[PDB]
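Chains as they are written, first to last, in the deposited numbering: chain A, 1361 to 1503; chain B, 643 to 685, 689 to 694, 700 to 736, 740 to 786, 791 to 828, 833 to 848, 853 to 904, 917 to 925, 1012 to 1018; chain C, 1262 to 1354.
The structure appears below as structure tokens.
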Amino acid sequence: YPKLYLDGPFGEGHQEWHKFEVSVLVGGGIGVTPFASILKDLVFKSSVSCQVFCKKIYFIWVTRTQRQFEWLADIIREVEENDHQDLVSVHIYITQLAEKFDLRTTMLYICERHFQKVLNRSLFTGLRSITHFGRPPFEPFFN
Amino acid sequence: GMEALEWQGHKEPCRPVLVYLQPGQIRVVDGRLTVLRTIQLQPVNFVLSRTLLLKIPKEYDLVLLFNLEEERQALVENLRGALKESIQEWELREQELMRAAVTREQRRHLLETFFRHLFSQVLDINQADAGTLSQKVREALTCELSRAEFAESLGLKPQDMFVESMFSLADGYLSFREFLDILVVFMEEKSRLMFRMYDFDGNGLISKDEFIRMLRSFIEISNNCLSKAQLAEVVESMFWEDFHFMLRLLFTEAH
Amino acid sequence: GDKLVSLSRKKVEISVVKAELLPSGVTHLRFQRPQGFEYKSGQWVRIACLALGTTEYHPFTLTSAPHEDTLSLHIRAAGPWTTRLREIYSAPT
Ligand SMILES: Cc1cc2nc3c(=O)[nH]c(=O)nc-3n(C[C@H](O)[C@H](O)[C@H](O)COP(=O)(O)OP(=O)(O)OC[C@H]3O[C@@H](n4cnc5c(N)ncnc54)[C@H](O)[C@@H]3O)c2cc1C
Ligand SMILES: NC(=O)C1=CN([C@@H]2O[C@H](COP(=O)(O)OP(=O)(O)OC[C@H]3O[C@@H](n4cnc5c(N)ncnc54)[C@H](OP(=O)(O)O)[C@@H]3O)[C@@H](O)[C@H]2O)C=CC1
């Protein structure tokens, strides 16, 4: 492989969710690439530390289609696989109209609601987290 | 072999490749001595337009570009000699050739709407979702795909548990017909879904061989050893309506 | 703009755990850490003491390690504010 030139982090990484016992991380479209890191980091903390202030983290992924973001499905798979303290509950919301579904969306929908699970993991993705189709119900979720 | 260009659909750029014409197999390779395709002929049709589109019988259509129209004639003559040594030719418009033969974008755009038409009853979406405007749909469902290509079509990696498990249930390649045939049987309404899946024309009558094909698919649902003879005996003793014959706290709820 | 930014920051209100009258006129103040208080080594904070009724904020380097549950400041009696803080924290209650 070729060699790369790296210019170090510019993030200035605010992490105020550690300041709250319960946090709701909402990711939308392209604005969900960082959360992978975040999620992994969080679970790693919950693995090594014991008296953490954030007792429960909710990750509301909202996307039209998971195209170009299928890797995030495997990242979430590993995140929930290593979450031994049930710190993170993930909720995926596909907002694509059913009339415009691609192959992946149709397969995910049927494996979610018209094809039986195996161990509460969808046969297509493999996630205990439930995928929902439509606009996320934010204020009923908050109540 | 000789250097030329290969098309990859309306939205993709052409690739400069090389063509080697062996009798048993014609090999299109990359410029880095990397083989891209090796099509073997079993004793297919060709269309000319600068462009030469060979329509594989059960594989992806292959469109090659020529340096010149006379160069197109020379390359076509060489390829025809090599292929006939181990035979239908036609001519159509360039746009007609591009939008007629199976391309990747066109195949995906057809398969998505075909799947939506199939599973409209489950998705609770009206059948007016899109237009599947038959024979080309049958060809698209017939095309068997390698594991990597199929996983790419479904947006998965070649070594994912879902694709590997369905390949194990389907077994070297896989066609979408067998894929969804396994899927629907593993999904009473299954009989209606399978019947409407084999009703390409939409008239509602599986004429002669689609009934036996559906019987064989439902046998592929149920693992057995005497499959063919048992299915034949069942069909003989028995003979849609064919379905009847065969049967004889957190709040997360999206709008 | 600087005053508006200073207003924008939310000044936490905290309580002291222990006060020591260290020799050479030093005050060791160990006080309760706010819940989401994350800092690195060598960082400094600002403090105010309303027991003086002055609302002055003065800077002091955090002498406690980040792994500690509390925050420590070693304030030198250099002038009026520091001496007044020392004498007011000299007595208990
Ligand atoms: C980053 C930083 C960290 C510090 N950490 C410590 C510490 O850990 N322990 C400690 O004892 N002292 C520390 N100081 C010194 C700090 O200035 C004290 O708060 C100061 O001695 C308080 O003096 P006073 O107001 O009581 O007396 P004054 O007579 O008002 O102060 C006299 C001296 O204090 C300085 N001073 C007063 N107010 C301020 C202010 N708001 N900002 C900057 N300088 C001021 C003046 O320059 C003057 O030279 C630190 C200063 C800085 C800038
Ligand atoms: N932090 C930030 O500032 C971020 C900004 N952006 C900006 O957003 C723009 C578009 O993002 P893109 O990558 O296309 O994301 P997408 O539109 O592809 O996906 C975002 C998801 O949110 C839903 N959504 C989008 N807009 C609205 C809205 N107004 N009201 C309710 N739901 C909505 C969409 O559902 P549906 O389309 O089905 O309604 C979609 O599922 C980009 O130009 C980018 O600059 C993106 C990410 C982070």
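We treat Cβ as the ideally placed atom computed from N, Cα and C, and that holds for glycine.
Alpha carbon to alpha carbon, how far is residue i from residue j?
i: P1295(C); j: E765(B); result: 55 Å
i: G1303(C); j: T1316(C); result: 25 Å
i: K1416(A); j: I1308(C); result: 32 Å
i: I886(B); j: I843(B); result: 6 Å
i: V659(B); j: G1494(A); result: 45 Å
i: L1334(C); j: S1267(C); result: 22 Å
i: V671(B); j: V661(B); result: 6 Å
i: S1351(C); j: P1496(A); result: 57 Å
i: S1406(A); j: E1016(B); result: 28 Å
i: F1419(A); j: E853(B); result: 38 Å
i: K1271(C); j: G1373(A); result: 19 Å
i: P685(B); j: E742(B); result: 17 Å
i: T1331(C); j: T1465(A); result: 51 Å
i: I877(B); j: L725(B); result: 43 Å
i: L763(B); j: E898(B); result: 37 Å
i: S882(B); j: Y1469(A); result: 23 Å
i: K1379(A); j: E1299(C); result: 9 Å
i: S1482(A); j: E1472(A); result: 6 Å
i: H1451(A); j: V775(B); result: 22 Å
i: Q780(B); j: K793(B); result: 20 Å
i: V1408(A); j: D1446(A); result: 14 Å
i: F1395(A); j: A827(B); result: 37 Å
i: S810(B); j: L798(B); result: 13 Å
i: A1433(A); j: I1390(A); result: 14 Å
i: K708(B); j: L841(B); result: 18 Å
According to DSSP, is residue i part of a helix, a strand, or is it coil?
i: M862(B); result: helix
i: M848(B); result: coil
i: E1317(C); result: coil
i: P658(B); result: strand
i: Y1453(A); result: strand
i: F1404(A); result: helix
i: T1288(C); result: strand
i: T1331(C); result: strand
i: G1388(A); result: strand
i: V1273(C); result: coil
i: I1435(A); result: helix
i: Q682(B); result: strand
i: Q664(B); result: coil
Given 7 Å as the limit, tell me if residue i has its C-beta closer than that to any heavy atom belonging to ligand 1.
i: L1311(C); result: no
i: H1319(C); result: yes
i: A1352(C); result: no
i: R1337(C); result: yes
i: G1303(C); result: no
i: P1327(C); result: no
i: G1340(C); result: yes
i: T1322(C); result: yes
i: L1334(C); result: yes
i: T1315(C); result: no
i: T1425(A); result: no
i: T1393(A); result: no
i: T1343(C); result: yes
Spatial neighbours of residue i within its chain, please: CB distance less than 6 Å, with the 5 preceding and 5 following residues excluded, ordered by chain position.
i: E1281(C); result: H1289
i: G651(B); result: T756, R757, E758
i: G1388(A); result: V1422
i: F1461(A); result: none
Can you check DSSP and say which residues form a bridge with residue i?
i: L704(B); result: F691(B), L712(B)
i: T1322(C); result: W1305(C)
i: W743(B); result: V692(B)
i: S1383(A); result: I1417(A)
i: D672(B); result: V659(B)
i: residue 1511(A); result: In this structure chain A extends from 1361 to 1503, so residue 1511(A) is not present and cannot be described.
i: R804(B); result: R804(B) is not bridged to any residue.
Excluding the 5 residues flanking residue i on each side, which residues of the same chain have their C-beta closer than 7 Å to its C-beta?
i: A754(B); result: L703, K705, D711, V713
i: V1306(C); result: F1321, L1323
i: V677(B); result: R669, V671
i: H1328(C); result: none
Apart from the five residues on each side of it in sequence, which residues of its chain come closer than 8 Å, Cβ to Cβ, to residue i?
i: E1381(A); result: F1413, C1414, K1415, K1416
i: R722(B); result: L693, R700, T701, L702, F716
i: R746(B); result: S694
Can you find a heavy atom of ligand 2 that lies under 7 Å from the Cβ of residue i?
i: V1422(A); result: yes
i: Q1456(A); result: yes
i: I1452(A); result: no
i: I1390(A); result: yes
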